[PDB]
Amino acid sequence: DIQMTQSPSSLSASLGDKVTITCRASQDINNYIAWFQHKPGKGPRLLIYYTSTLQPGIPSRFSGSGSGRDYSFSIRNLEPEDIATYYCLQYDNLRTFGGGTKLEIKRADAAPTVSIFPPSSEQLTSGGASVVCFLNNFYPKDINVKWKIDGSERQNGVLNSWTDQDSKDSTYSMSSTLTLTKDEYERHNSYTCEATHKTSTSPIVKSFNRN
Amino acid sequence: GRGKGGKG
Amino acid sequence: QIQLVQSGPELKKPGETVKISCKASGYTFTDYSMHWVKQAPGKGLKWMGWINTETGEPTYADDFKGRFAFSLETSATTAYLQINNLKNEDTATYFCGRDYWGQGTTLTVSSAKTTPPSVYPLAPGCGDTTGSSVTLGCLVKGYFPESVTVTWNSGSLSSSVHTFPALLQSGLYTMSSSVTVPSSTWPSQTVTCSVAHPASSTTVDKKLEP
Ligand SMILES: [Zn+2]
Ligand SMILES: [Zn+2]
Ligand SMILES: [Zn+2]
Ligand SMILES: [Zn+2]
Ligand SMILES: [Zn+2]
Ligand SMILES: [Zn+2]
Ligand SMILES: [Zn+2]
Ligand SMILES: [Zn+2]
Ligand SMILES: [Zn+2]
Ligand SMILES: [Zn+2]
Ligand SMILES: [Zn+2]
Ligand SMILES: [Zn+2]
Ligand SMILES: [Zn+2]
């Protein structure tokens with residue numbers, strides 16, 4: 001069987017940069033290589049086949065080159081909709097995928113738009129109380145979120161989920177949830193979500209008061 | 001050839 | 001236009017059988033072979049083999065000889081993947097295609113039962129006041145298995161929707177979804193999140209109340 005070594009496994013590049021991925025086969029595959037784009041929740045999309053032929057509808061920013069055992073795939077100028085994992089595929093003899101390349105797109109700093117939400121009546125009647133904070137469209141990814149109850153930091157009961165990189169503007173978004181018992185939630189008044197990269201010194205703060 | 005590409 | 005539509009996500013126990021469908025349209029079905037591809041959680045794509053759509057003859061990759069069966073219903077331009085005697089290692093998303101591909105079918109092999117989600121509205125209560133726009137959300141809590149699909153206002157507000165991937169703890173998944181609309185539209189107009197959990201055949205609908 002023909003093995004395929006794809007490099008790099010992860011690639012970081014700025015918007016507008018040219019990016020290049022390579023695949024090397026364990027033997028001559030005589031230009032029978034294809035390149036796929038894969039976004040989570042979607043099927044693979046064939047971009048290039050026979051080393052360098054573009055599929056219909058694929059932007060001209062995509063290209064490929066190579067011969068024998070050594071192949072490359074390039075994006076002329078990286079754009080937000082290119083966020084995906086990329087795979088090569090040999091089809092000289094049976095099929096073999098390369099290991100894949102994940103993209104990390106670099107762009108300008110962005111501060112999040114922050115929204116805070118009290119527990120719903122529906123959840124409170126079941127004994128639980130989740131306070132939710134959305135941080136939409138920030139960059140870089142390593143944002144920090146602090147929770148305060150009555151002005152004191154709380155760390156237990158916080159769950160955080162980051163999105164994949166945004167296919168519109170290459171930002172990230174993240175959801176932070178502070179989950180309490182209903183009894184604990186009704187034992188305090190002020191609830192506060194604070195966001196910092198510590199680029200901007202002053203945290204973006206959003207709060208509500210139960211009264 | 002070899003069964004890849006051209007659909008579209 | 002070419003489209004491949006696969007059947008929905010599945011929960012199966014070890015030792016059971018699953019059959020996944022792949023409905024093709026927009027092209028001549030018997031002109032192109034149908035390939036099957038496995039993606040286990042957090043791994044890359046692995047080729048499973050193909051089936052000749054003219055003869056029905058399948059060819060399996062080495063790692064998929066034994067418990068895997070490709071078949072066809074050519075009159076319905078549909079391909080099938082059957083996996084017998086299911087293993088935990090079969091938990092994966094499976095794709096059919098060649099040049100164009102189906103959306104994937106997520107399979108979870110587990111002894112746990114299905115649990116539909118609870119859906120809690122996320123709306124500004126008495127603290128966050130306003131702006132040029134208002135952000136709303138739905139918290140989708142305590143469901144199993146994956147996946148869920150949150151639809152806002154039947155698809156009207158499909159733009160400006162952010163999906164936050166599920167986290168797992170104590171055997172159950174929690175995810176959330178945010179939408180942002182002009183303040184002149186909410187609460188003036190109705191906003192609803194519709195949460196589909198296909199493995200339990202359940203849809204949970206929540207109206208976002210001020
Ligand atoms: Zn070999
Ligand atoms: Zn072999
Ligand atoms: Zn050869
Ligand atoms: Zn995937
Ligand atoms: Zn060489
Ligand atoms: Zn910042
Ligand atoms: Zn940093
Ligand atoms: Zn976005
Ligand atoms: Zn307390
Ligand atoms: Zn059974
Ligand atoms: Zn089924
Ligand atoms: Zn024909
Ligand atoms: Zn096993």
Side-chain angles (χ1 to χ4, degrees), chain A residues 10 12-15 104-112 114 116 118-119 123-124 127-131 135-158 160 162-166 169-174 176-204 207-211, chain C residues 10-18 38-43 46 48 62-68 82-94 106-112 145:
Chain A
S10 190
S12 174
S14 306
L15 287 179
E104 282 201 313
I105 296 181
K106 294 177 297 182
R107 57 144 286 159
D109 294 352
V114 177
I116 190 176
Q123 186 182 20
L124 286 173
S130 294
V131 192
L135 292 71
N136 273 319
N137 297 87
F138 59 89
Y139 190 90
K141 189 187 182 177
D142 59 329
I143 202 157
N144 303 118
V145 53
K146 354 181 187 66
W147 280 101
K148 291 181 191 171
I149 297 182
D150 287 342
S152 309
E153 181 190 30
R154 169 107 189 192
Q155 309 208 35
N156 306 343
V158 177
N160 296 319
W162 275 258
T163 66
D164 295 310
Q165 195 150 19
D166 201 295
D169 61 9
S170 294
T171 60
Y172 296 88
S173 295
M174 74 91 51
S176 185
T177 299
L178 171 67
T179 299
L180 310 158
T181 65
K182 167 192 199 282
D183 290 319
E184 164 69 11
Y185 172 69
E186 301 185 332
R187 282 201 258 100
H188 296 281
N189 165 72
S190 72
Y191 288 84
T192 297
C193 174
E194 299 192 349
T196 53
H197 289 115
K198 185 65 179 65
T199 285
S200 63
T201 69
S202 45
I204 301 179
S207 308
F208 67 86
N209 289 329
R210 286 179 58 257
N211 60 29
Chain C
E10 304 258 12
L11 177 62
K12 294 293 185 186
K13 308 188 189 62
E16 292 183 336
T17 298
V18 69
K38 176 187 181 178
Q39 185 169 35
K43 79 134 179 156
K46 178 173 188 62
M48 302 171 64
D62 290 317
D63 294 359
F64 298 94
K65 293 149 150 43
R67 314 165 33 236
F68 301 79
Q82 186 168 306
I83 310 174
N84 302 309
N85 189 23
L86 280 164
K87 312 277 168 190
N88 294 337
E89 294 84 347
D90 295 325
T91 296
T93 301
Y94 295 87
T106 297
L107 167 68
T108 303
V109 180
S110 165
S111 293

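Only this structure's heavy atoms are used, side chains among them; waters, hydrogens and symmetry mates stay out. All ligand and atom numbering here is 1-based and tracks the order in the structure. Residue numbering restarts at 1 for every chain, and letters A, B, ... go by the order of the sequence lines.
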Heteroatom of C:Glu89 nearest to the Zn ion (ligand 13) (N, O or S, atom name): OE1
C:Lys13, NZ: over 12 other non-hydrogen atoms inside 6.0 angstrom: no
Test item: A:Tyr139 and A:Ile105 side chains (from C-beta on) under 4.5 Å apart, heavy atoms: no
Of the N, O or S atoms in A:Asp142, the one nearest the Zn ion (ligand 7): OD2
The Zn ion (ligand 9) to nearest N/O/S of A:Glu184 below 2.8 Å: yes
Ring geometry between A:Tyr191 and A:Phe208 (parallel below 30°, tilted from 30 to 60°, perpendicular above 60°): parallel
Salt-bridge present (A:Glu194, A:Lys148; N to O < 4.0 Å): yes
